[PDB]
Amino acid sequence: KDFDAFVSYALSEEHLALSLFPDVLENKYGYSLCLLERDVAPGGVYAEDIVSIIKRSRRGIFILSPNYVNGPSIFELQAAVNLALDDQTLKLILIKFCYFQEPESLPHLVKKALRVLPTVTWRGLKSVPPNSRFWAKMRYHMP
């Protein structure tokens, strides 16, 4: 394993994933994150790229939103859930970025994980300071 946590995502979601997570967890608290766009080689087969970085990651961190659960992005959480039932060194954490209604024919096991996995509610401006409840819960769930 080569990454503390892999960060999957659909201010904004994108700002929280790509600027805020590495700012706090990497640049301030020294963890080792994986972002698709930074750590993987362009081109390539996206299905393997994710199964690979999942296999080299200690946690999974999923920023849930309506755009996530109704888009192609949900491919990433399914793989994580698949790979997690084989290895439980892999611990998955959801993040409630905003309300999302959950879709109606998500595959069996993805519905299942939504029902039991730990969620940290993202609460906007309050959550942004590095000493916030949000990051506190994030750090608690890191290796």
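In this text, residue numbers run from 1 along the sequence as written.
In terms of unmodelled positions of the deposited sequence, the stretch from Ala10 to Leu11 in this entry skips 10 or more residues. For the pair 60 to 68 and 40 to 48, the record assigns the higher mean C-alpha temperature factor to 40 to 48.
Taking the mean C-alpha B-factor of each stretch as recorded, 98 to 106 and 71 to 79 are not equal, and the higher mean is that of 98 to 106. For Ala17, the recorded CA B-factor ranks within the middle third of the chain. Only modelled residues enter the ranking. In the PDB entry, a CA B factor belonging to the middle third of its chain's modelled residues is recorded for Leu90. In the deposited entry, the Cα temperature factor of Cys34 places it in the highest third of its chain's modelled residues. Sort the modelled residues of the chain by CA B factor and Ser127 lands in the lowest third.
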